[PDB]
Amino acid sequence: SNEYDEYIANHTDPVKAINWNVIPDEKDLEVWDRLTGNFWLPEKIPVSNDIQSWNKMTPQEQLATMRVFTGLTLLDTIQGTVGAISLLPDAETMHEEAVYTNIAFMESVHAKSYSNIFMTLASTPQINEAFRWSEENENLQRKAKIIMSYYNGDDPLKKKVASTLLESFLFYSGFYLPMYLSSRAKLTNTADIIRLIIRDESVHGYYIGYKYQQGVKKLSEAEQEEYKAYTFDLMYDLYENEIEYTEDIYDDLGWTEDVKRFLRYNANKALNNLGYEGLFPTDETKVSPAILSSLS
């Protein structure tokens, strides 16, 4: 009795090889093409040129950056090693499974970019302090564990909701700082790395939200309403926790009010990516022009 016979039994259909000549969902190919074409590595950006401006930054600024970047690094660590991966089994097409492997890899590249920035500008005590801060912080650990509870759960649709919220919402309490600083001529090369990351995350959230929408419409009227309710519920939970997290990061700086608006702006985009209307009135998402500007 071969150590594998039992398996070859429980799985009688032939194992299929991916065929990119027959694509059910052209969306997978458009996205595969956009993500692979947007390949980049942090080494290609001269972060060493931000050393002067990094020095010109106040202590509170350097400190906020270390922490924000560490929080971002942590989210991409989860998304690359646990998130994107958890979506594989529920893929509608094999081409979609291929896209998720690109997403998982690009997330490791995102996490690594921050280390390239840190190592070029910061000091080890700073790096070490930042990383310790990230393990101790209750709001950061809380959002990291809520998202993980879903990836480790058994609900395919929920995993996609959590992932779209992480990609379209959780990352921005963070992207705000480098966009703020770069509009004020601080850490511009570093902002270029952030822009490449943002170019990926916008696609990631768009694509995964798209797959959640196609999945959800495959359900009964009642179930569809339950998933809608589930999404808004998690969105509020994540949002409240992000508020407390934002207060702790930006208050010394006094950027808090503008950051909170940036959060509501992205919470809406995350819900739209999932096919739902926003959670916040438009007037409550009036983020400073200079910020949404730095982006595009």
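Residue numbers here begin at 1 and follow the sequence given. If you superpose the two forms and keep the largest set of C-alpha atoms that fall within 1.5 Å, you have the rigid core.
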Fill in the blank from the handout: With the rigid core as the fit reference, the stretch showing the greater C-alpha departure in 5 other deposited structures of this protein, 168-176 or 103-111, is 168-176
Practice task
Taking the root mean square of C-alpha distances over all structures and residues in 5 other deposited structures of this protein, with a rigid core superposition, name the larger of 270-278 and 284-292.
Solution key: 284-292
Exercise for the section: Return whichever of 123-131 and 162-170 has the greater mean Cα B factor according to the PDB record. Expected result: 123-131
Handout entry: Selected stretch [higher average CA B-factor]: 34-42 or 260-268
Key = 260-268
Completion exercise
Residue set 241, 231, 70, 49, per-entry CA B-factor max assigned to 49
Handout entry: Member of 29, 235, 57, 64 with the greatest C-alpha B factor (per the PDB record)
Key = 57
Problem - Ranked C-alpha temperature factor of residue 112 among modelled chain residues, by third - result: lowest
Completion exercise
residue 226: C-alpha B-factor third of its chain, per the entry, is the middle
Problem - residue 184 - Cα temperature factor, lowest/middle/highest third of chain - result: highest
Handout entry: For residue 215, the third of its chain into which the C-alpha B factor falls
Key = middle
Exercise for the section: Report the third (lowest, middle or highest) to which the CA temperature factor of residue 80 belongs, ranking only the modelled residues of the same chain. Expected result: middle
